[PDB]
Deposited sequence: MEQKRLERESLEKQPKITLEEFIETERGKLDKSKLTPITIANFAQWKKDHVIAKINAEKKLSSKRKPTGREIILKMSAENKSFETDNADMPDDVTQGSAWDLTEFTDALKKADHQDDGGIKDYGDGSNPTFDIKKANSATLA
């Protein structure tokens, strides 16, 4: 399938959706979606892997290489993260964004 031409939502509604043979469609059940999602995420990872090889390393990534192989700001930083985190009670934290959950409170 590879690089395929892009479409508009208009094109999708008006012509593209109808090119599909309806009796061949795969139902979007919980099981079928999970299988599709599994492959979706795997492709992202493969796409990203290729981009990583070409992207300049981050400051974080650089230190990590250096690791694996004067101004005292403490007072100001401590205060900053305290301030930054003081209202945390009313704020949902997604952490690093992996495996989020979506429970509703109140």
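K.L.:
Give me the ranges of the deposited sequence that have no CA atoms here, in sequence order.
P.N.:
Missing CA coords at 1-10, 80-98, 136-142.
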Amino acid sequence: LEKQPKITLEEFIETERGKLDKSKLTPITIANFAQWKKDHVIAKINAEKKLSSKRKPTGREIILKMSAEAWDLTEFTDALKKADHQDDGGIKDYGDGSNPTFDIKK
From here on, numbers count along this sequence of modelled residues.
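K.L.:
On average, which has the higher Cα B-factor in the deposited entry, 75-83 or 35-43?
P.N.:
Taking the mean C-alpha B-factor of 75-83 and of 35-43, the larger value falls to 75-83.
K.L.:
Which is higher on mean Cα B factor in this entry, 23-31 or 56-64?
P.N.:
That would be 56-64.
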